[PDB]
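>>> turn this into a structure:
(3 chains)
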Amino acid sequence: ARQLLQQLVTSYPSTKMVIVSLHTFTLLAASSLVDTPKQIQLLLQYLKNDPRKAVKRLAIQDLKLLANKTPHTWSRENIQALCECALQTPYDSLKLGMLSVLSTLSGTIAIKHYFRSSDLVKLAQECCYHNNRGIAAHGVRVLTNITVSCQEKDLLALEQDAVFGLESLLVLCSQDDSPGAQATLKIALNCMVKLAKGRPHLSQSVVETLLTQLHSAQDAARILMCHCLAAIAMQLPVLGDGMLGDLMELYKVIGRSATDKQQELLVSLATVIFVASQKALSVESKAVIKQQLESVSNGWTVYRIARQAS
Amino acid sequence: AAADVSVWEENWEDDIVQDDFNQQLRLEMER
Amino acid sequence: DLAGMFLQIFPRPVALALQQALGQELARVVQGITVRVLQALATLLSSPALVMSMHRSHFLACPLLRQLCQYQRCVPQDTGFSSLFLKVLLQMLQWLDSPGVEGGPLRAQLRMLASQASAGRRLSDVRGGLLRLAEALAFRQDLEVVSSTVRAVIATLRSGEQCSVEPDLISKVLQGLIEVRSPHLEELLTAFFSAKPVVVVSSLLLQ
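Residues are numbered from 1 along each chain as shown, chains lettered A, B, ... in the order given. Here you go, the structure:
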């Protein structure tokens, strides 16, 4: 079947025919998992050489499928070829696709098999400062995965590159309040949570970035960063004391004008208040009760905040 | 071509699953 | 002031405040200080350095350049901001092209920004540009120049009308681009055949 599919791709090089044939070859390689290395090599060859954007897009989708299925079978040469392709392509959609494949790979053991300043790190650093938000999210995800998975001390210089890329991505995604921006914001905040777990000495800077960005972000973004702060403070409660002032101030200013979307913001803020409080509450408790009783006729908000308190 | 990931993996606010008890409680006490 | 702001950032929370201010300005503009900070940066680049400090601290410089480019993209009709942005990008490229600095994310980001800026402009002569491409592809050197010229030709074909045919010239250029394996072949063919194409394609396939 492999020989027949090779004969088909060489002898029927139409866009439809080559797409169906390459997808079928990829699925056959995934099912048989013996030709999978040379299938990856073939897909990278088509990605690099074939100029058709559709063929490249299929190659990206198939490599993402193989990365999800058999990341361990990827060699160093395969990842090097993919990184080179991502580096020297001019089109942003294709670059975003290859970085999606590479971010899938970096979350697996393929990163350990890949290992200095290599093409992967150079690409990830270049991509995390891209104008495109999706490319930036994928690049900073690759950087975060490298930082938390590889404790090798030759690449601790990108530890702060990862932190600052996450912070810049926060600044980029906070004001938009658009679904694509919300998706990139979720990616960035998940990466920050992962980075706080993996490298606890960076937790203070991550928390400070989140707190400073809380005062200048939209409501949906505020809810997402409240979830991020709740995660970080649940795992590392020592940072709770440092975030109480900013969170309480934002709780005061939100509750004065809390109309429709601020109910979710109110429960998120109360959740981080309760999580970040190692001890009980005396004045913060009074502030929360006052903010509830003053305006909130929404019983559901009160119930969810009481659930978090208990 | 996208994927979904959650910022906080024990966040009780996610509406991924809606149960009857909380449904009637919400519909009964939300204003 | 802003010059002192720059001399305090690169050689840290104040840079965070600057980033927040730039984001606020971007949100305000897209809903309805950037020029001041850009002019301060340009005047500082005029005097003697700061680029090497931005190279060693690219995690500060690159978000700022990203914010400024997004400002430029939001309001491209505000001429004077875009020209000065291109000027400072070229100034940094001149100041960073020395071999001793080695690699760096900052250089790649600036080169990408310059290429993006140079792609949004037309080119006058289709025949002249195509002949330029023909001999440039004959030497097969200056691949960045080749890519920029092909992008200009694509923009020209997007906006302009069809110039002289010259099937031999167009076939030679297509064959050369196939040999060099440029990534812009598909876009070039789309732009070319949007405007004889069958004879050209058949002759290319036969060879």
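>>> ok, residues contacting the helix or strand that contains residue A:99?
Assigned by DSSP states H and E, residue A:99 belongs to helix A:92-106. Contact with helix A:92-106 is made by A:47, A:53, A:56-57, A:60-61, A:63-64, A:67-68, A:71, A:74, A:79, A:82-83, A:85-86, A:89, A:111, A:120, A:123-124, A:127, A:132, A:134-135, A:138-139, A:141-142, A:145-146, A:149, B:1, as judged by CB atoms under 8 Å, 6 or more residues apart in numbering or on different chains. Heads up, the C-betas are built off the backbone N, CA and C, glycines and all.
>>> and those, which are buried?
By neighbour count, with 16 or more other CB atoms under 10 Å in any protein chain shown, the contacts of helix A:92-106 hold A:47, A:53, A:56-57, A:60-61, A:63-64, A:67, A:71, A:74, A:79, A:82-83, A:85-86, A:89, A:111, A:120, A:123-124, A:127, A:132, A:134-135, A:138-139, A:141-142, A:145-146, A:149 as buried.
>>> show me which of these neighbour chain C.
A:53, A:89 (CB under 8 Å from any CB of the partner chain).
>>> just the buried ones among the contacts of helix A:92-106: which are in strands?
Among the buried ones among the contacts of helix A:92-106, the subset assigned to strands under DSSP state E is empty.
>>> just the ones of the buried ones among the contacts of helix A:92-106 in helices?
Residues of the buried ones among the contacts of helix A:92-106 located in helices (DSSP state H): A:47, A:53, A:56-57, A:60-61, A:63-64, A:67, A:79, A:82-83, A:85-86, A:111, A:120, A:123-124, A:127, A:134-135, A:138-139, A:141-142, A:145-146, A:149.
>>> show me what from the stretch 151-300 of chain A comes close to chain C.
Residues of the stretch 151-300 of chain A lying near chain C (CB under 8 Å from any CB): A:160-161, A:163-165, A:167-168, A:171-172, A:174-175, A:209, A:212-213, A:216.
>>> distance check, the residue in the stretch 151-300 of chain A positioned nearest to chain B against residue B:31.
Across the stretch 151-300 of chain A, no residue is closer to chain B than residue A:299, which sits at 3.5 Å (CB to the nearest CB). Counting by CB to CB, to the nearest Å, the gap from residue A:299 to residue B:31 is 6 Å.
>>> which of the two has more neighbours?
residue A:299 (14 against 8; other CB atoms under 10 Å in any protein chain shown).
>>> ramachandran angles for that one?
Dihedral pair for residue A:299: phi -60, psi -30, per degrees, to the nearest 10.
>>> which non-adjacent residue is nearest it?
Of all residues not flanking residue A:299 in the chain, residue B:29 sits nearest, at 3.5 Å (CB to CB, 6 or more residues apart in numbering or on different chains).
>>> same question, residue A:107
residue A:145 (5.4 Å).
>>> how many neighbours does residue 28 have?
I'll assume chain A. Counted with other CB under 10 Å, residue A:28 comes out at 15.
>>> hm, I was asking about chain C
By other CB under 10 Å, 11 other residues sit near residue C:28.
>>> same thing with residue A:287?
16.
>>> what of residue C:86?
There are 15 residues near residue C:86, going by other CB under 10 Å.
>>> which ones are touching it?
C:114, C:117.
>>> any idea how far chain A is from it?
15 Å (CB to the nearest CB, to the nearest Å).
>>> quick one: distance of the helix or strand where that residue lies to the chain centre.
Assigned by DSSP H and E, residue C:86 belongs to helix C:81-96. A distance of 11 Å separates the centroid of the chain from that of helix C:81-96, by CA atoms, centre = their mean, to the nearest Å.
>>> one more: stretch A:14-23?
Distance, stretch centre to chain centre, for stretch A:14-23: 32 Å (CA atoms, centre = their mean).
>>> alpha carbons of that stretch, as PDB, please.
The C-alpha coordinates for stretch A:14-23 follow below in PDB (Å, rounded to 0.1, in the frame of the first residue of the first chain):
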ATOM      1  CA  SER A  14      -3.200  17.200  -8.700                       C
ATOM      2  CA  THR A  15      -4.000  19.200  -5.600                       C
ATOM      3  CA  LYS A  16      -7.100  17.000  -4.700                       C
ATOM      4  CA  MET A  17      -5.400  13.700  -5.600                       C
ATOM      5  CA  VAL A  18      -2.100  14.500  -3.800                       C
ATOM      6  CA  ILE A  19      -4.000  15.800  -0.800                       C
ATOM      7  CA  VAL A  20      -6.200  12.600  -0.500                       C
ATOM      8  CA  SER A  21      -3.100  10.400  -1.200                       C
ATOM      9  CA  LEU A  22      -0.900  12.100   1.400                       C
ATOM     10  CA  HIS A  23      -3.700  12.000   4.000                       C
END
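>>> what about it, near chain C?
No. For stretch A:14-23, no contact with chain C is found by CB under 8 Å from any CB; the gap never falls below 10.7 Å.
>>> that stretch: which residues count as buried?
Here stretch A:14-23 shows A:18, A:19, A:20, A:21, A:22 as buried, counting by 16+ other CB under 10 Å.
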